[PDB]
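Undergrad: Take this structure, written in structure tokens, and hold onto it; I'll ask about it next.
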Amino acid sequence: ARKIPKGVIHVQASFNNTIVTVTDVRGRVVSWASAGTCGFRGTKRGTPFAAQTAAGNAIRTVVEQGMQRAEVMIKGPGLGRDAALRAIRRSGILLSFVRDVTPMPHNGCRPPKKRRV
Amino acid sequence: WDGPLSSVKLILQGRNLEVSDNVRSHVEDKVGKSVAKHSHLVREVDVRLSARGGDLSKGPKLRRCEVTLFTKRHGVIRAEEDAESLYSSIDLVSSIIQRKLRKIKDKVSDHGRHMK
Amino acid sequence: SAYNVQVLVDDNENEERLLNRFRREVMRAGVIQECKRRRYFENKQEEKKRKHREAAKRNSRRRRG
Amino acid sequence: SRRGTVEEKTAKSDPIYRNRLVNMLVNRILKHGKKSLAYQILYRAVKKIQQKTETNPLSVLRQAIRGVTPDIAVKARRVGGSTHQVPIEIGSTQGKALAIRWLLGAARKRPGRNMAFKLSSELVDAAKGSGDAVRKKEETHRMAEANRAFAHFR
RNA sequence: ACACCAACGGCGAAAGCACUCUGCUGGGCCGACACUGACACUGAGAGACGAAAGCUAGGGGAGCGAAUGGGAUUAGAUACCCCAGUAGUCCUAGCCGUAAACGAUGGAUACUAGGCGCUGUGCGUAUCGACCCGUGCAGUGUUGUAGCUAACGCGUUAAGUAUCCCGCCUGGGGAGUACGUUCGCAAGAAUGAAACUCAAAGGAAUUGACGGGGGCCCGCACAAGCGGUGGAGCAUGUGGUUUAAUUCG
RNA sequence: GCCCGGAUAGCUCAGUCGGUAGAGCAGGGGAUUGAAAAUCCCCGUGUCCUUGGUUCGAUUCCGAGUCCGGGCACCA
Ligand SMILES: [Mg+2]
Ligand SMILES: [Mg+2]
Ligand SMILES: [Mg+2]
Ligand SMILES: [Mg+2]
Ligand SMILES: [Mg+2]
Ligand SMILES: [Mg+2]
Ligand SMILES: [Mg+2]
Ligand SMILES: [Mg+2]
Ligand SMILES: [Mg+2]
Ligand SMILES: [Mg+2]
Ligand SMILES: [Mg+2]
Ligand SMILES: [Mg+2]
Ligand SMILES: [Mg+2]
Ligand SMILES: [Mg+2]
Ligand SMILES: [Mg+2]
Ligand SMILES: [Mg+2]
Ligand SMILES: [Mg+2]
Ligand SMILES: [Mg+2]
Ligand SMILES: [Mg+2]
Ligand SMILES: [Mg+2]
Ligand SMILES: [Mg+2]
Ligand SMILES: [Mg+2]
Ligand SMILES: [Mg+2]
Ligand SMILES: [Mg+2]
Ligand SMILES: [Mg+2]
Ligand SMILES: [Mg+2]
Ligand SMILES: [Mg+2]
Ligand SMILES: [Mg+2]
Ligand SMILES: [Mg+2]
Ligand SMILES: [Mg+2]
Ligand SMILES: [Mg+2]
Ligand SMILES: [Mg+2]
Ligand SMILES: [Mg+2]
Ligand SMILES: [Mg+2]
Ligand SMILES: [Mg+2]
Ligand SMILES: [Mg+2]
Ligand SMILES: [Mg+2]
């Protein structure tokens with residue numbers, strides 16, 4: 022739909038799922054792919070493999086718009102933080118910068134209590 | 068005895084002793100409670116009665132009740148009790164059974180998260 | 082804009098080296114351990130436990146090696 | 002098998018064709034240890050397969066087993082209190098084993114008259130990929146790949 | 001609410017106190033003779049401070065979250081888990097006065113090996129300024145001699161050897177309850193019995209057995225195979241009933 | 001009384017701009033699981049309302065008939 026030569030890839034990795042969004046430097050969203058939209062449900066939705074197919078599935082659409090260089094943003098403690106990165110590499114798209122944006126509060130809102138499990 | 072337990076085999080065996088109607092009914096009641104709640108697991112109840120002492124033999128008047136449970140999955144629930152009256156003995160065994168049972172149900176059926 | 086870890090990929094790029102460089106950056110800033118730590122809340126006691134445990138761990142790893 | 006592993010046993014050769022493979026299958030076909038009967042059944046199977054088609058049966062073996070050999074299966078693992086199907090990858094000897102076994106199994110279940118007829122029917126159907134012993138393997142793959150997410154050794 | 005700094009670090013009488021800054025102010029320690037010349041130590045009653053929860057009045061309300069509701073789990077689940085979420089948590093002005101308010105160790109003084117540390121300072125040395133070294137004090141931490149202790153352990157920061165003052169204990173339940181008073185807006189706090197009843201209740205170490213605590217390792221124990229039982233018919237062993245007896249084990 | 005929309009697998013509805021009849025559950029099977037469930041995959045069934053017309057032939061387009069789901073009315 023839009024052919025943008027350079028932009029950014031946001032990958033949020035949580036413990037139950039990982040979102041991979043494709044955007045451009047103007048701060049605008051083009052197309053996204055989630056581990057859940059790939060036909061995965063809750064348990065499997067956390068594994069690095071679903072993050073793999075998620076990243077691959079977004080980059081399908083990003084090469085279809087004909088884009089070349091990109092920055093990678095990784096947010097969150099989950100597993101896909103490593104796995105997704107591999108996909109970004111093997112999908113044959115030039116890797117500019119890979120940053121870790123995981124929000125670190127400098128103090129603040131008191132987190133939920135400890136699960137006694 | 069129970070319908071919800073109909074799937075269970077209740078086997079009542081006097082060893083040295085003669086079984087009456089009150090012993091029957093009492094066995095059905097006290098084993099009845101024990102098993103009834105945990106019925107889904109339980110399979111076969113084997114109760115043997117052994118009397119000794121008084122006029123039969125030397126030593127105190129002892130009546131000893133042994134019970135044995137099997138579950139569809141786990142086997143060997145063994146409960147051995149010694150006491151004065153048959154009734155007392157049965158009450159004791161039922162007290163033990165209950166505990167062992169709900170220990171099994173506790174372990175396995177808890178969705179216990181066992182990581183290893 | 083803000084960032085924690087900066088890995089700039091050159092054109093000598095192969096997958097494994099990039100992946101491990103990034104892995105050691107995350108290990109260096111201690112981020113995943115940090116967000117496992119702030120996942121739930123800790124009383125001062127578990128904080129003292131974590132301080133003595135981790136600090137004496139890395140300190141004894143410096144004094145033995 | 003907790004302590005000692007297994008030493009390797011001499012791989013024999015079937016008397017007529019000098020094969021390791023044919024001897025594998027005549028050993029797995031065996032029942033009540035009458036080799037006398039097994040050799041007869043298998044040789045009349047070679048006879049009916051050379052009757053039906055003019056291709057070398059020595060090759061129809063390799064086509065039959067290359068056809069039904071699983072490269073992957075699953076296994077039950079207990080991981081984190083969760084019971085997982087984990088797609089463990091299969092060794093070669095185990096591959097040939099499985100192969101010969103589903104072949105023989107689907108061969109014992111056939112509608113026919115003899116065992117030589119059934120075995121030939123199924124070698125003919127597995128060498129073309131046309132039958133239950135290949136279908137079975139492909140199901141093992143279908144249920145290996147649906148569960149592909151649960152291998153963390155990937 | 002204050003990441004990193006943060007430390008087996010600093011100050012505080014204790015409670016507690018940490019993004020940064022400035023202002024008002026409390027102590028502490030050290031070096032000098034500059035001075036007073038026993039002014040000391042403790043403390044019944046009495047006073048002040050005193051985490052968190054709680055309460056009164058007024059604000060404030062993001063997150064968290066008693067209560068409450070829904071979803072599950074389970075024989076049941078008024079719990080653990082999840083989804084929401086009210087009091088409260090915050091600020092001002094008060095009240096309450098309790099905690100495993102713990103070093104489970106009242107305060108002052110004197111005196112009794114060391115080793116390894118740290119913080120603040122002082123002296124000499126090193127250079128002429130940062131170390132550096134040796135040392136004097138003041139506090140703070142870890143091993144350990146004498147001695148002490150029922151044992152564990154404590155051991156110049158005593159639980160050692162002595163002196164002084166103060167609080168408290170006198171078998172376990174009954175019970176930190178009742179009654180009565182004092183205080184409190186209330187919740188309660190402080191002071192604190194007796195009848196009755198038991199021959200025990202307790203501490204420290206030891207050998208076992210046990211743990212849905214660890215570490216190491218075996219066994220056709222599981223797995224991987226091959227054949228069976230449970231279904232059918234009969235053979236037979238036992239229980240049960242039956243019988244004059246179905247001998248007993 | 002008018003105005004719309006429907007009748008399609010046992011149930012619930014997707015429908016080329018006429019050339020194959022389809023989804024999601026109910027069912028059967030397999031392990032999942034020591035046993036439950038998730039987890040997962042396979043398989044079965046059709047006069048596309050009844051009738052005629054159009055067409056090289058129709059679920060598809062049109063006429064009549066029948067039933068069903070709703071929307072809006074009126075001075076015995
Ligand atoms: Mg999870
Ligand atoms: Mg070994
Ligand atoms: Mg101090
Ligand atoms: Mg604080
Ligand atoms: Mg000052
Ligand atoms: Mg004078
Ligand atoms: Mg006083
Ligand atoms: Mg006060
Ligand atoms: Mg408060
Ligand atoms: Mg109230
Ligand atoms: Mg208020
Ligand atoms: Mg709120
Ligand atoms: Mg919440
Ligand atoms: Mg509820
Ligand atoms: Mg409400
Ligand atoms: Mg309920
Ligand atoms: Mg909320
Ligand atoms: Mg106040
Ligand atoms: Mg007190
Ligand atoms: Mg305290
Ligand atoms: Mg030095
Ligand atoms: Mg000192
Ligand atoms: Mg000490
Ligand atoms: Mg010591
Ligand atoms: Mg003492
Ligand atoms: Mg007192
Ligand atoms: Mg007394
Ligand atoms: Mg009053
Ligand atoms: Mg109360
Ligand atoms: Mg007293
Ligand atoms: Mg003890
Ligand atoms: Mg042990
Ligand atoms: Mg053990
Ligand atoms: Mg055995
Ligand atoms: Mg086995
Ligand atoms: Mg039988
Ligand atoms: Mg005798």
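Just so you know, the sequences run in chain order k, y, u and g. Quick note: to get PDB author numbering, add 21 to the position in the first sequence (first position is 1). Quick note: to get PDB author numbering, add 67 to the position in the second sequence (first position is 1). Quick note: to get PDB author numbering, add 81 to the position in the third sequence (first position is 1). Quick note: to get PDB author numbering, add 1 to the position in the fourth sequence (first position is 1). Backbone N, C-alpha and C define an ideal beta-carbon position, used for all residues, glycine too.
Whole alpha helix (DSSP H) runs in the segment 63-105 of chain k with 4 or more residues, listed along the chain?
TA: Complete alpha helix (DSSP H) runs here, min 4: 69-85.
Undergrad: Using a Cβ cut-off of 9 Å, pull out every chain k residue sitting near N85 (chain u), in sequence order please.
TA: Residue numbering aside, residue 85 (chain u) sits at position 4 when the third sequence is read from its first letter. Those are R120, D121, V122, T123, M125, listed as they occur along chain k.
Undergrad: Could you list the residues in the segment 81-99 of chain g with a C-beta less than 8 Å from some C-beta on chain y, going in chain order?
TA: Flagged, chain order: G81, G82.
Undergrad: When the distance is taken between beta carbons, is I66 (chain g) closer than 9 Å to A145 (chain g)?
TA: Mapped onto the fourth sequence, residue 145 (chain g) falls at position 144. Mapped onto the fourth sequence, residue 66 (chain g) falls at position 65. Their beta carbons are not under 9 Å apart, which means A145 (chain g) does not touch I66 (chain g) by this criterion.
Undergrad: Is the distance from the Cβ of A103 (chain y) to the Cβ of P71 (chain y) below 9 Å?
TA: Position 36 of the second sequence, counted from the start, is the residue given in the question as residue 103 (chain y). Position 4 of the second sequence, counted from the start, is the residue given in the question as residue 71 (chain y). Yes.
Undergrad: May I ask you to check if the CB of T39 (chain k) is nearer than 8 Å to at least one heavy atom of ligand 1?
TA: In the first sequence, residue 39 (chain k) corresponds to position 18, counting from 1. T39 (chain k) Cβ: outside cutoff for every heavy atom of ligand 1.
Undergrad: Quick check: what's the CA-CA separation for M94 (chain k) versus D173 (chain y)?
TA: The residue you call residue 94 (chain k) lines up with position 73 of the first sequence. The residue you call residue 173 (chain y) lines up with position 106 of the second sequence. Their backbone Cα atoms lie some 46 Å apart in a straight line.
Undergrad: Does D122 (chain y) pass the burial test, meaning 16 or more other C-beta atoms within 10 Å, or should it be called exposed?
TA: Looking up residue 122 (chain y) in the second sequence gives position 55. With fewer than 16 Cβ atoms within 10 Å of its Cβ, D122 (chain y) is classed as exposed.
Undergrad: Report, in whole angstroms, the separation of the C-beta atoms of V43 (chain k) and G57 (chain k), which I expect to be a contact under 8 Å.
TA: Mapped onto the first sequence, residue 43 (chain k) falls at position 22. Mapped onto the first sequence, residue 57 (chain k) falls at position 36. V43 (chain k) to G57 (chain k), Cβ: 17 Å. No contact.
Undergrad: Rounded to whole angstroms, what's the CA-CA distance from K36 (chain g) to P71 (chain g)? Just pull it up for me.
TA: Position 35 of the fourth sequence, counted from the start, is the residue given in the question as residue 36 (chain g). Position 70 of the fourth sequence, counted from the start, is the residue given in the question as residue 71 (chain g). Whole-angstrom Cα-Cα distance: 28 Å.
Undergrad: Measure the alpha-carbon distance for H85 (chain g) versus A152 (chain g) and round it to whole angstroms.
TA: On the fourth sequence, residue 85 (chain g) is found 84 positions in, with the first residue counted as 1. On the fourth sequence, residue 152 (chain g) is found 151 positions in, with the first residue counted as 1. If I take the Cα positions, the gap works out to 9 Å.
Undergrad: Against chain k, does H153 (chain g) count as a neighbour if the rule is that its beta carbon must be under 9 Å from one of theirs?
TA: Numbered from 1 along the fourth sequence, position 152 holds the residue referred to as residue 153 (chain g). Yes, because at least one Cβ of chain k sits closer than 9 Å to the Cβ of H153 (chain g).
Undergrad: Please tell me whether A150 (chain g) has its Cβ less than 9 Å away from any Cβ of chain k.
TA: What you label residue 150 (chain g) is simply residue 149 of the fourth sequence in a count that begins at 1. Taking Cβ atoms only, chain k reaches closer than 9 Å to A150 (chain g), which makes this a yes.
Undergrad: Please go through the same chain and pick out, in chain order, the residues whose beta-carbon is closer than 8 Å to the beta-carbon of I91 (chain g), but skip the five residues on each side of it.
TA: The count along the fourth sequence starts at 1 and reaches residue 91 (chain g) at position 90. Only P71, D72, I73, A74, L99 meet the Cβ criterion.
Undergrad: Taking C-alpha atoms, which residue in g:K32, g:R63, g:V23 lies nearest to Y44 (chain g)?
TA: Walking along the fourth sequence from the start, residue 44 (chain g) turns up at place 43. For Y44 (chain g), the nearest C-alpha among the options comes from g:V23.
Undergrad: Using a Cβ-Cβ cut-off of less than 9 Å, give me the residues of the segment 170-181 of chain y that come near chain g, in sequence order.
TA: Listed by position, the residues of the segment 170-181 of chain y near chain g (Cβ gap below 9 Å) are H178, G179, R180, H181.
Undergrad: Go ahead and pull the three-state DSSP assignment for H31 (chain k).
TA: Position 10 of the first sequence holds residue 31 (chain k). Three-state DSSP puts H31 (chain k) in a strand.
Undergrad: Could you please give the first and the last residue of the uninterrupted alpha helix (DSSP H) stretch that includes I66 (chain g)?
TA: Within the fourth sequence, numbered from 1, the residue matching residue 66 (chain g) stands at position 65. Start and end: 58-69.
Undergrad: Spell out whether any CB of chain y is found under 9 Å from the CB atom of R114 (chain g).
TA: As a working note, residue 114 (chain g) is residue 113 in the fourth sequence. It does not; no Cβ of chain y falls within 9 Å.
Undergrad: Taking C-beta to C-beta, are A150 (chain g) and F36 (chain k) nearer than 9 Å?
TA: As a first step, residue 150 (chain g) must be located in the fourth sequence, where it is residue number 149. As a first step, residue 36 (chain k) must be located in the first sequence, where it is residue number 15. Going by C-beta atoms, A150 (chain g) is not nearer than 9 Å to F36 (chain k).
Undergrad: Using a Cβ-Cβ distance cut-off of 9 Å, determine whether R79 (chain g) contacts chain y.
TA: Against the fourth sequence, residue 79 (chain g) aligns to sequence position 78. Closer than 9 Å to some Cβ of chain y, the Cβ of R79 (chain g) qualifies, so yes.
Undergrad: Spatial neighbours of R142 (chain u) within its chain, please: C-beta separation below 7 Å, excluding the five flanking residues on both sides.
TA: Here residue 142 (chain u) refers to the residue found at position 61 of the third sequence. Excluding sequence neighbours, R142 (chain u) sits near nothing in its chain.
Undergrad: By Cβ distance, which residues of its chain are closer than 7 Å to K97 (chain y), with the 5 residues on each side in sequence left out?
TA: Residue 97 (chain y) sits at position 30 when you count from the first residue of the second sequence. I157, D158, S161, listed in sequence order.
Undergrad: Across which residues does DSSP place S117 (chain y) in a beta bridge pair?
TA: Position 50 of the second sequence, counting from 1, holds the residue named residue 117 (chain y). According to DSSP, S117 (chain y) bridges with y:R131.
Undergrad: Between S117 (chain k) and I40 (chain k), what straight-line distance do the alpha-carbon atoms span, to the nearest angstrom?
TA: In the first sequence, the residue the question calls residue 117 (chain k) occupies position 96. In the first sequence, the residue the question calls residue 40 (chain k) occupies position 19. So the alpha carbons of these two residues sit roughly 20 Å apart.
Undergrad: Which of helix, strand or coil does DSSP assign to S124 (chain y)?
TA: Against the second sequence, residue 124 (chain y) aligns to sequence position 57. Three-state result, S124 (chain y): coil.
Undergrad: At a cut-off of 8 Å, would you count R136 (chain g) as near ligand 2, judging by its Cβ distance to the nearest heavy atom?
TA: Position 135 of the fourth sequence holds residue 136 (chain g). No, the Cβ of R136 (chain g) stays beyond 8 Å of every heavy atom of ligand 2.
Undergrad: Label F122 (chain u) either buried or exposed according to how many other C-beta atoms from any shown protein chain fall within 10 Å of its C-beta, with 16 as the threshold for buried.
TA: Along the third sequence, read from residue 1 onward, the residue named residue 122 (chain u) stands at position 41. Exposed: under 16 other Cβ atoms inside 10 Å.
Undergrad: How would you list, in chain order, the residues of chain g whose beta-carbon sits under 9 Å from the beta-carbon of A71 (chain k)?
TA: Here residue 71 (chain k) corresponds to residue number 50 of the first sequence, with the count starting at 1. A150, listed in chain order.
Undergrad: For the beta strand (DSSP E) containing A146 (chain y), list its first residue and its last residue.
TA: As a working note, residue 146 (chain y) is residue 79 in the second sequence. Note, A146 (chain y): beta strand (DSSP E), 144-150.
Undergrad: If you draw a straight line from the C-alpha of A91 (chain k) to the C-alpha of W103 (chain g), how long is it?
TA: The residue labelled residue 91 (chain k) in the question sits at position 70 within the first sequence. The residue labelled residue 103 (chain g) in the question sits at position 102 within the fourth sequence. Straight-line Cα distance between these residues: approximately 51 Å.
Undergrad: Is the Cβ of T58 (chain k) closer than 9 Å to any Cβ of chain g?
TA: Numbered from its first residue, the first sequence carries residue 58 (chain k) at position 37. It does not; no Cβ of chain g falls within 9 Å.
Undergrad: Quick one: is the Cβ of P132 (chain k) within less than 8 Å of any heavy atom of ligand 13?
TA: Residue mapping note: residue 132 (chain k) aligns to position 111 of the first sequence, counting from 1. Outside the cutoff, so no.
Undergrad: Just tell me which of y:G179, y:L116, y:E148, y:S152 has its CA closest to the CA of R79 (chain g).
TA: Position 78 of the fourth sequence holds residue 79 (chain g). With distances taken between Cα atoms, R79 (chain g) lies closest to y:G179.
Undergrad: Does the distance from the CB of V112 (chain y) to the CB of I163 (chain y) come in under 9 Å?
TA: To locate residue 112 (chain y), count along the second sequence from 1; it is residue 45. To locate residue 163 (chain y), count along the second sequence from 1; it is residue 96. Contact: no.
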